[PDB]
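Shown next: target-v7.csv, containing CSV, N, CA and C atoms.
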chain,number,residue,atom,x,y,z
A,251,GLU,N,-10.3,-26.4,-4.6
A,251,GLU,CA,-9.4,-26.0,-3.6
A,251,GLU,C,-8.0,-25.5,-4.2
A,252,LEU,N,-7.5,-26.4,-5.1
A,252,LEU,CA,-6.2,-26.0,-5.7
A,252,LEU,C,-6.3,-24.8,-6.6
A,253,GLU,N,-7.4,-24.7,-7.3
A,253,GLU,CA,-7.6,-23.5,-8.1
A,253,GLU,C,-7.7,-22.2,-7.3
A,254,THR,N,-8.4,-22.2,-6.2
A,254,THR,CA,-8.5,-21.1,-5.3
A,254,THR,C,-7.1,-20.8,-4.7
A,255,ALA,N,-6.4,-21.8,-4.3
A,255,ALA,CA,-5.0,-21.5,-3.8
A,255,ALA,C,-4.2,-20.8,-4.8
A,256,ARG,N,-4.2,-21.3,-6.0
A,256,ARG,CA,-3.4,-20.7,-7.1
A,256,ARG,C,-3.8,-19.3,-7.4
A,257,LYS,N,-5.2,-19.0,-7.3
A,257,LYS,CA,-5.7,-17.7,-7.5
A,257,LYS,C,-5.2,-16.8,-6.4
A,258,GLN,N,-5.3,-17.2,-5.2
A,258,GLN,CA,-4.8,-16.4,-4.1
A,258,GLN,C,-3.3,-16.0,-4.2
A,259,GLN,N,-2.5,-17.0,-4.6
A,259,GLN,CA,-1.1,-16.7,-4.8
A,259,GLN,C,-0.9,-15.7,-5.9
A,260,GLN,N,-1.7,-15.8,-7.0
A,260,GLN,CA,-1.5,-14.9,-8.1
A,260,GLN,C,-1.9,-13.5,-7.7
A,261,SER,N,-3.0,-13.4,-6.9
A,261,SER,CA,-3.5,-12.1,-6.4
A,261,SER,C,-2.5,-11.5,-5.4
A,262,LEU,N,-1.8,-12.3,-4.6
A,262,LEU,CA,-0.9,-11.7,-3.6
A,262,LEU,C,0.4,-11.4,-4.2
A,263,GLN,N,0.8,-12.0,-5.3
A,263,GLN,CA,2.1,-11.7,-5.9
A,263,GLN,C,2.4,-10.3,-6.1
A,264,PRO,N,1.6,-9.5,-6.8
A,264,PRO,CA,1.9,-8.0,-7.0
A,264,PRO,C,2.1,-7.3,-5.7
A,265,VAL,N,1.5,-7.7,-4.6
A,265,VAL,CA,1.7,-6.9,-3.3
A,265,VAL,C,3.1,-7.0,-2.9
A,266,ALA,N,3.8,-8.2,-3.0
A,266,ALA,CA,5.2,-8.3,-2.6
A,266,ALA,C,6.1,-7.4,-3.4
A,267,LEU,N,5.8,-7.4,-4.7
A,267,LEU,CA,6.6,-6.5,-5.6
A,267,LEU,C,6.5,-5.1,-5.3
A,268,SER,N,5.2,-4.6,-5.0
A,268,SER,CA,5.0,-3.2,-4.6
A,268,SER,C,5.7,-2.9,-3.3
A,269,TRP,N,5.6,-3.8,-2.4
A,269,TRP,CA,6.3,-3.6,-1.1
A,269,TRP,C,7.8,-3.5,-1.2
A,270,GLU,N,8.4,-4.3,-2.1
A,270,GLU,CA,9.8,-4.2,-2.3
A,270,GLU,C,10.2,-2.9,-3.0
A,271,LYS,N,9.4,-2.4,-4.0
A,271,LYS,CA,9.6,-1.1,-4.6
A,271,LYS,C,9.5,0.0,-3.5
A,272,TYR,N,8.5,-0.2,-2.6
A,272,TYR,CA,8.3,0.9,-1.6
A,272,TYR,C,9.5,0.9,-0.6
A,273,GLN,N,10.0,-0.3,-0.3
A,273,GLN,CA,11.2,-0.3,0.6
A,273,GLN,C,12.4,0.4,-0.1
A,274,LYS,N,12.6,0.1,-1.3
A,274,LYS,CA,13.7,0.8,-2.1
A,274,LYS,C,13.5,2.3,-2.1
A,275,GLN,N,12.3,2.8,-2.4
A,275,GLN,CA,12.0,4.2,-2.4
A,275,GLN,C,12.2,4.8,-1.1
A,276,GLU,N,11.7,4.2,0.0
A,276,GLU,CA,11.8,4.7,1.3
A,276,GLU,C,13.3,4.9,1.8
A,277,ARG,N,14.1,3.8,1.5
A,277,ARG,CA,15.5,3.9,2.0
A,277,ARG,C,16.3,4.9,1.1
A,278,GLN,N,16.0,5.0,-0.2
A,278,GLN,CA,16.6,6.1,-1.0
A,278,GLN,C,16.3,7.5,-0.4
A,279,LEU,N,15.0,7.7,-0.1
A,279,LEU,CA,14.6,9.0,0.4
A,279,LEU,C,15.2,9.3,1.8
A,280,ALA,N,15.3,8.2,2.6
A,280,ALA,CA,16.0,8.4,3.9
A,280,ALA,C,17.4,8.8,3.7
A,281,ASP,N,18.1,8.2,2.8
A,281,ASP,CA,19.5,8.5,2.5
A,281,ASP,C,19.7,9.9,2.1
A,282,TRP,N,18.8,10.4,1.1
A,282,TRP,CA,18.9,11.7,0.6
A,282,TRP,C,18.5,12.7,1.7
A,283,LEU,N,17.6,12.4,2.6
A,283,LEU,CA,17.3,13.3,3.7
A,283,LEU,C,18.5,13.4,4.7
A,284,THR,N,19.1,12.3,5.0
A,284,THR,CA,20.3,12.3,5.8
A,284,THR,C,21.4,13.2,5.2
A,285,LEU,N,21.6,13.1,3.9
A,285,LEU,CA,22.6,14.0,3.2
A,285,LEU,C,22.1,15.4,3.3
A,286,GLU,N,20.8,15.7,3.2
A,286,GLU,CA,20.3,17.0,3.3
A,286,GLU,C,20.7,17.6,4.7
A,287,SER,N,20.5,16.8,5.8
A,287,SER,CA,20.9,17.2,7.1
A,287,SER,C,22.4,17.4,7.2
A,288,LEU,N,23.2,16.6,6.5
A,288,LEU,CA,24.7,16.7,6.6
A,288,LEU,C,25.3,17.7,5.7
A,289,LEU,N,24.5,18.3,4.8
A,289,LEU,CA,25.1,19.2,3.8
A,289,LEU,C,25.9,20.3,4.4
A,290,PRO,N,25.5,21.0,5.5
A,290,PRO,CA,26.3,22.2,5.9
A,290,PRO,C,27.7,21.9,6.2
A,291,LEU,N,28.0,20.8,6.8
A,291,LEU,CA,29.4,20.5,7.4
A,291,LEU,C,30.4,20.3,6.3
A,292,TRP,N,30.0,19.6,5.2
A,292,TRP,CA,31.0,19.5,4.0
A,292,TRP,C,31.4,20.8,3.5
A,293,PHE,N,30.5,21.7,3.2
A,293,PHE,CA,30.8,23.0,2.8
A,293,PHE,C,31.6,23.8,3.8
A,294,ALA,N,31.3,23.6,5.1
A,294,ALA,CA,32.0,24.3,6.1
A,294,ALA,C,33.5,23.9,6.1
A,295,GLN,N,33.7,22.6,6.0
A,295,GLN,CA,35.1,22.1,6.0
A,295,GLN,C,35.8,22.6,4.7
A,296,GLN,N,35.2,22.6,3.6
A,296,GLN,CA,35.9,23.1,2.4
A,296,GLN,C,36.1,24.6,2.5
A,297,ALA,N,35.2,25.4,3.1
A,297,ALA,CA,35.4,26.8,3.3
A,297,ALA,C,36.6,27.0,4.2
A,298,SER,N,36.7,26.2,5.3
A,298,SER,CA,37.8,26.3,6.2
A,298,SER,C,39.1,26.1,5.5
A,299,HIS,N,39.2,25.0,4.7
A,299,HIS,CA,40.4,24.7,4.0
A,299,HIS,C,40.8,25.9,3.0

Take the structure in the file and write it out as structure tokens.
Amino acid sequence: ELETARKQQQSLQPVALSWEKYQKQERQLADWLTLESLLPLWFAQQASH
């Protein structure tokens, strides 16, 4: 029983790391997409000035 519990923990460990990496990637991509949407207005203000 103890051996199988430890084996299950070992097998599950990489999944959490991959999920954390995926969260990082997703939020970085979301930030860059938001900046893509916001790009026109910065240049518009600088052009106005």

Exercise for the section: Tell me, in Å to one decimal, how far atom N of residue 277 in chain A is from CA of residue 265 in chain A. Expected result: 17.1 Å

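A straight line drawn from CA of residue 279 in chain A to CA of residue 298 in chain A is 29.5 Å long.
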
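Across the structure, CA of residue 254 in chain A and atom N of residue 269 in chain A are spaced 22.5 Å apart.
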